Amino acid sequence: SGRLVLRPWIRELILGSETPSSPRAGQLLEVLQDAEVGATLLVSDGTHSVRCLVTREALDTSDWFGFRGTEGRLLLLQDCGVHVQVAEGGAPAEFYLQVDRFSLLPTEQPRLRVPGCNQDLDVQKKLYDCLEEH
Amino acid sequence: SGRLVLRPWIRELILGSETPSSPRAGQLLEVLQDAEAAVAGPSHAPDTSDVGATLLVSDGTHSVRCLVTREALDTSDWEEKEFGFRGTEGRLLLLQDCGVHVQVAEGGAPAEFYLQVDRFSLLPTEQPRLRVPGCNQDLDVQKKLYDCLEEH
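- Determination of this PDB entry was carried out by X-ray crystallography to a resolution of 2.7 Å, according to the record.

### Considering the interface of chain B and chain A
Frequently, the measure chosen for interface size is the accessible area that the parts lose on association.
Moving on, step 1. The interface is formed by 31 residues belonging to chain B together with 31 residues belonging to chain A.
Moving on, step 2. Interface area for chain B against chain A, summed over the two sides, is near 2,700 Å², with a carbon-plus-sulfur share of 58%.
Moving on, step 3. Along the contact surface separating chain B from chain A lie 13 residue pairs in polar contact.
Moving on, step 4. Broken down by secondary-structure element, the contributors of at least two residues to the side of chain B that touches chain A are strand 1 (24-33), strand 4 (91-103) and strand 5 (112-126) of chain B.
Moving on, step 5. For the side of chain B that touches chain A, the element with the most residues is strand 5 of chain B, which contributes 7 residues.
Moving on, step 6. Here the residues of the side of chain B that touches chain A sort into 12 nonpolar, 12 polar and 7 charged.

### Focus: the sheet that holds strand 2 (residues 53-58) of chain B
All names here are of chain B.
Moving on, step 1. With respect to topology, 5 strands assemble into a closed barrel ordered 1-2-3-5-4, the strand pairing being mixed. Averaged over all neighbouring strand pairs, the angle between strand axes comes to 50°, with direction disregarded.
Moving on, step 2. The pairing of strand 1 with strand 4 spans 4 bridges and is classified as antiparallel. Its bridge partner lying in strand 4, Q27 is registered against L92.
Moving on, step 3. Together, strand 4 and strand 5 form the strand contacts of helix 3 (residues 139-149), whose direction differs from that of strand 5 by roughly 130°.

### Structural notes on unusual backbone geometry
Moving on, step 1. The phi dihedral of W64 of chain A falls on the positive side, at around 80°, and the residue is not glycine.
Moving on, step 2. Relative to the helices and strands, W64 of chain A resides in the loop between helix 2 (56-60) and strand 4 (73-85).
Moving on, step 3. In this structure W64 of chain A comes out as partly exposed when scored by relative accessible area, which is 44%.
Moving on, step 4. For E80 of chain B, which is not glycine, the phi torsion reads 65° and is therefore positive.
Moving on, step 5. Relative to the assigned elements, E80 of chain B resides in the loop between helix 2 (70-74) and strand 4.

### What about the pattern of salt bridges?
Residue and element names in this part refer to chain A.
Moving on, step 1. According to the stated counting rule, one finds 12 salt bridges over all chains in the structure shown.
Moving on, step 2. Note that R56 and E36 form a salt bridge whose closest N and O atoms lie 3.6 Å from each other.
Moving on, step 3. A relative accessible area of 29% means that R56 is categorised as partly exposed.
Moving on, step 4. As a salt-bridge pair, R51 and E94 come within 3.3 Å of each other at their nearest N and O atoms.
Moving on, step 5. Residue class for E94 comes out partly exposed when judged on its relative accessible area of 29%.

### As for the sheet that holds strand 4 of chain A
Residues and elements named next belong to chain A.
Moving on, step 1. Pairing within the closed barrel is mixed, and its 5 strands lie in the order 1-2-3-5-4. Here the average twist between neighbouring strands, direction ignored, is 50°.
Moving on, step 2. In this structure, strand 1 (residues 24-33) lies alongside strand 2 (residues 39-44), joined through 5 bridges in antiparallel fashion. Considered in strand 2, the bridge of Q33 is made with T40.
Moving on, step 3. The strands that helix 3 (residues 121-130) touches are strand 4 and strand 5 (94-108); relative to strand 5, the one it contacts most, it runs at about 135°.

### Structural notes on the environment of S103 of chain A
Moving on, step 1. Assignment of secondary structure puts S103 of chain A in strand 5.
Moving on, step 2. Along the backbone, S103 of chain A and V114 of chain A are 11 residues apart, and their C-alpha atoms lie at a distance of 22 Å.
Moving on, step 3. Ignoring anything within four residues of it in the chain, the contact list for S103 of chain A reads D63, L75, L76 and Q78 of chain A together with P23 of chain B.

### With respect to the packing of aromatic side chains
Moving on, step 1. The full count for this structure, using the stated rule, is 8 aromatic pairs over all chains.
Moving on, step 2. Ring geometry for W64 of chain A and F67 of chain A: centres 5.4 Å apart, planes at 65°, overall edge-to-face.
Moving on, step 3. A relative accessible area of 0% means that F67 of chain A is categorised as buried.
Moving on, step 4. Ring geometry for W78 of chain B and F85 of chain B: centres 6.1 Å apart, planes at 80°, overall edge-to-face.
Moving on, step 5. What links up through ring pairs into an aromatic cluster is the set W64, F65, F67 and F102 of chain A.
Moving on, step 6. Positioned over the ring face of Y114 of chain B is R65 of chain B, at 4.5 Å from the centre of the ring.

Quick notes on the rules
- Positions along each chain are numbered from 1 by the written sequence. They may not match the entry numbering, and residues without coordinates are not shown.
- Naming scheme: in the order in which they are written, chains are lettered from A and ligands are numbered from 1.
- Excluding hydrogens and water, the side-chain figures rest on all heavy atoms present in the structure.
- We call two residues in contact whenever any of their non-hydrogen atoms come within 4.5 Å of each other.
- When two parts are put together, the accessible area they lose, computed with a 1.4 Å probe and summed over both, is reported as buried area.
- Any pair of nitrogen or oxygen atoms within 3.5 Å is treated as a polar contact; in protein, a donor-acceptor pairing is required on top of that, and neighbouring residues in sequence qualify only through side-chain atoms on both sides.
- Numbered from the N terminus, helices here are DSSP runs of H or I no shorter than four residues, and strands are runs of E no shorter than two.
- For this classification, the nonpolar set comprises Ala, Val, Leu, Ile, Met, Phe, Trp, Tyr, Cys and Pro, the charged set comprises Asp, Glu, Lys and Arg, and every other residue, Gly included, is treated as polar.
- Pairing between two strands requires that DSSP report at least two bridges joining them.
- Angles here are taken between N-to-C directions and fall from 0 to 180 degrees, while the axes themselves are lines fitted to C-alpha atoms, restricted in helices to the stretch in contact.
- Buried, partly exposed and exposed residues are distinguished by accessible area as a fraction of the type maximum, computed with a 1.4 Å probe on protein chains only: under 20%, between the cut-offs, and over 50%, respectively.
- Here, a salt bridge means any side-chain nitrogen of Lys or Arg that lies within 4 Å of a carboxyl oxygen of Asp or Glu.
- Pairing of aromatic rings covers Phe, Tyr and the six-membered ring of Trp, with a centre-to-centre limit of 6.5 Å; geometry is then stacked below 30 degrees between planes, edge-to-face above 60, and tilted otherwise.
- A ring is considered to have a charge above it if a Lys NZ or an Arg CZ atom is located within 6 Å of its centre and within 35 degrees of its normal.

Spelled out as structure tokens, the structure:
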């Protein structure tokens, strides 16, 4: 017997050129900005983390209020899009996810630290390819 | 930096006194019966778009037969996804809408609990497939199965 695991997907979603059709599952690490604009979440795939912007569109077309309290729960991102926040205060630009539809999963688990996906060299190369063509 | 795990849920679901209000992730172990897509217009080719697909799904602890409904199959997006399931064994399957049903003995096979899936999604994650006992081989499940049977 054993347990089923989720495999990383964030880095692949960013390096890919196509928009994610199928959904992605990851763990909710932190609620940066909860819902009352959408909400800002820190999501992990076990290997990397990414800030996800859950649009208002997604908050309305959802079952269910507020994400705080579900930290550690798995999260289904049904509608994703990789975007680029541009450099502002000293900090460079970063990739992030805009989520237009999501769904909470039952599995709850301890939260483990993970590096940000923008710290990955392949991701970084691609970022500095978007900025030098935008 | 760690492994994200999925919580076993099949035995707890069947024994619980209610239906899965929320989605559940599992792994496709085997394809007992794949499903063909519906083709408009007559043909001398056998049509089976009435039958849905039948999968053996694991949750890491137990396995359970899943009947992926026709509705579920046609309300799905098959972009860069050959309509079907063979080839996806080892992939994570998310049952977004389902329920526990009883199957009375028939055709040589004894009564058992199984899941009807009216909506699913395929996750990218692929993983090794570990031998796992069927949930119906569980003592408490069997006791409930017979309890259910004694109500027809």
